[PDB]
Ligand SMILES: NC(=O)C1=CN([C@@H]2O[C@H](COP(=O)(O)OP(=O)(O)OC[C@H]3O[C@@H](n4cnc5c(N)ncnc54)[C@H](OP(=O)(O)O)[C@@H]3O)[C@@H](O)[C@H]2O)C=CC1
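Okay, here we've got a single chain as structure tokens, the form solved without the named molecule, with questions on binding and movement later.
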């Protein structure tokens, strides 16, 4: 299984692209629980924001930089090799990684905001044409999470 993980707003603007979502904590716990025990493919600029492997999960970094190394990170150099990774693979970037991967993935975990982010970076369009809602849960508002958000889980429509 190849899954997207993304957070975005009512205009599909990605919030704090490349970073762990320290600014939406419900979402950082959601990421934690999905990818633990599994494989996280990240854009290079995503790994460099973080700066070290996440524990308990296979960390894979996509980069065309021959000298890249980090202890506990597996490297891939092209899109094509992601479809070769074993187990449950999660794809976490990065606008161009999402455009490249959106028609390839089986499913999508999307955190959606009633609200606005500041960025210039966009998740690709998706419609009820191609996707179905397997799950839709309103996130818990409190002091740490004060923007209204839903966790969607969409699966590509098969057969």
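Shifts are known only where both forms have a C-alpha. Numbering follows the first chain given and starts at 1. Here the rigid core means the biggest group of C-alpha atoms that line up within 1.5 Å when the two forms are laid on top of each other.
Absent from the display: the form solved in complex with the named molecule. The rest refers to it.
In summary, the binding site of this form is blocked: after superposition of the surrounding C-alphas, the named molecule from its pose in the deposited complex has 3 or more atoms within 2.4 Å of backbone or C-beta atoms. The three marked residues, 60, 102 and 131, fail to reach the named molecule in the deposited complex, with no heavy atom of any inside 4.5 Å. Of the listed positions (56, 33, 64, 118), a single one reaches within 4.5 angstroms of the named molecule by any non-hydrogen atom in the deposited complex, namely 64. At a distance threshold of 4.5 angstroms between non-hydrogen atoms, residue 147 is out of contact with the named molecule in the deposited complex. When the named molecule is considered in the deposited complex, residue 7 lines it closely, a heavy atom lying within 4.5 Å. Of the heavy atoms in residue 70, none are within 4.5 Å of the named molecule in the deposited complex.
Contact between residue 97 and the named molecule in the deposited complex is found at the 4.5 Å heavy atom cutoff. After superposing the rigid core, the Cα of residue 18 is displaced by 2 Å or more between the shown form and the other one.
Between residue 147 and residue 22, the C-alpha separation shrinks by 3 Å or more in the deposited complex, relative to the conformation displayed.
The pair residue 73 and residue 20 is at least 3 angstroms farther apart at the CA level in the deposited complex than in the present model. Taking residues common to both forms and aligning the rigid core, Cα displacements of 2 Å or more over three or more consecutive positions between the shown form and the other one occur only in 15-22.
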